[PDB]
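Two forms of a single protein chain come next, each set out by itself as structure tokens; they are called structure 1 and structure 2.
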Structure 1
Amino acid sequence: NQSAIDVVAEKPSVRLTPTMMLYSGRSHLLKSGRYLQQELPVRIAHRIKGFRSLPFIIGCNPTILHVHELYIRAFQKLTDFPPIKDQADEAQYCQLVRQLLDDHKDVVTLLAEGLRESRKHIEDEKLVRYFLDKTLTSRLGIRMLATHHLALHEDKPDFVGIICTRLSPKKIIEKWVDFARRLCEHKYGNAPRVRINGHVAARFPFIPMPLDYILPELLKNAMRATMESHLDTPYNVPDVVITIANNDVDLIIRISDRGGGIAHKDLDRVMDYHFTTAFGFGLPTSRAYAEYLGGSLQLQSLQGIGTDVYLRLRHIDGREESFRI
């Protein structure tokens, strides 16, 4: 809790849209590196401010305290590093960014553990939701900016940093379907087949990074629900049907399962952090990530039949607003 953190804790974020980054990703690495150097300490200070504002009994949890202390250590490193003048200065910063990206890889796990240890002192799940939605999405934003900058140094086909210039939703969904079906097959001996329909030929600019979190979570929920509701017929289960709708405004991905649905008693709890019928972070984090990206995650439960999950995400066309929750 030093005075340097206090100076930028209330300072507004200078937000850049993926379009702005795509135009620079066409001298431009120096302007980009300068932005990160000045903007990342502000984002880290906003996270520290969040920990400072937690109720005392929650902030005292040594696991919560440890994540708070990790963010203070990251602010110290980001500010104590000298400014960027030449290209070798921009390159020295990339190495610090690589190190901080790895030191904070398990923050969400530690935060879930801290939340769990403090369950008896909560009483307001809406306040837990605001803290975690803001912390995890601001963390997503920091990781996206940091990873994009590292990836700008590379000349990877169909990528401008972490922006895929021709992302196919069908291919990204197919990659995670194969990943999910294998885990499900190892647990139940079988997995539902996944059919993909709609705008299967869609290709457009998109950052796959948040879809790499959302898609396995939603597929795992759909497949586990399907298997749990058909234990008496486990080698003859209904397919999971994924429809892609692509238009000028947004991308919609509907994941429809025949997994029995979300019961009426659980319906208002599934979106709370740590609520589970088996981690409990899959749905509320996916919803927060979709909101951060200018979209949404909505559920329609048909109790006794199955669930329809709608993931809506905005395009990158020079019309989109900046990412924020």
Structure 2
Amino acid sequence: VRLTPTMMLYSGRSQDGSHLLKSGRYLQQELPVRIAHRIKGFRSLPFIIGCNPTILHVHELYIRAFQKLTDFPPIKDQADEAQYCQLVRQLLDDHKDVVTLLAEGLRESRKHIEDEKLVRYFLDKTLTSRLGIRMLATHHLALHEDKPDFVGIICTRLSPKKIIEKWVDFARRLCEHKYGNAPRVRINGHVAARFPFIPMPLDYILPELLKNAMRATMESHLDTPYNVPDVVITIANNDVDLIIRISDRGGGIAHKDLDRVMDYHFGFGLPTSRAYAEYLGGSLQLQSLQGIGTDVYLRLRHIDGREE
């Protein structure tokens, strides 16, 4: 029964399978409202932008999603709950390319972009609500599985080091295939911490931050790709939050670019990651040392409490 931005993830008495209906009935109430808020979002978009064929397509997806959800009858038994899970799965799949479609749509509407903020905000709101929905949906679905150390999508004993390492491997491979090598990554600080945490956010953010740190490093060592500065990550775990600092020695972010780094370039990783972090009660801050490198600070608040 953890919490987030009005979203609530349930953890309850299985056996009877009663917990699945209390969760499903909640998911059934919540999804329509969140889908509706996004539809309003598309309705308030500047006419010229909302007219773009692609944007107009994504808008129709939200409308059709709202219809299917509103058409489903109230969950009364485990029989309905099961079918409702099928609807939800169809939706997540139907909206798998929403973000790609938006980028394409907004890119084409770049010439008409008058207000710079009312686009950064539209993408923030769209990407986050989409994360909140995926977390709510995925959690309920996960309540049907029985993985060890997981109550839905909530890991009861997550290891920041473990998850960071997973993505380090992922990121290093993409890097080697692209440059012939990749920076090793050292991890210090609270390397042995373990606590209840929802990995999903970290599953998106970390690989975005790790690819950036590794790229900057390679792009600034074109003369010695076979010998580059390590990327150093530090884990700070306290009762209020989890802090992961990712430091690279890739030259830093030039003064002339310090602004456009956090904007979308249909570069989505950094702006999306900050949105995600802020949506969850955390933050994403950059410290640039021009000529040397960059320090990125990812802060995420702990699960409805304080643990280490």
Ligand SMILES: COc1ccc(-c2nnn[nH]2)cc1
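So that the term is clear: the rigid core is the largest set of C-alpha atoms that superpose within 1.5 Å between two forms. Throughout, residue numbering runs from 1 along the sequence of structure 1. Shifts are known only where both forms have a C-alpha.
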Between structure 1 and structure 2, the form solved without the named molecule: 2
Yes/no, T19 Cα shift of 2 Å or more between structures 1 and 2 with rigid core fixed: yes
Once the two forms are fitted on their core, CA shift of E125 between structures 1 and 2 in Å: 2.3
Following rigid core superposition, Cα shift of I196 between structures 1 and 2 in Å: 0.5
Shared-residue segments moving between structures 1 and 2, Cα shift 2 Å or more over 3+ consecutive positions, core-fitted: 14-26, 123-125, 317-321
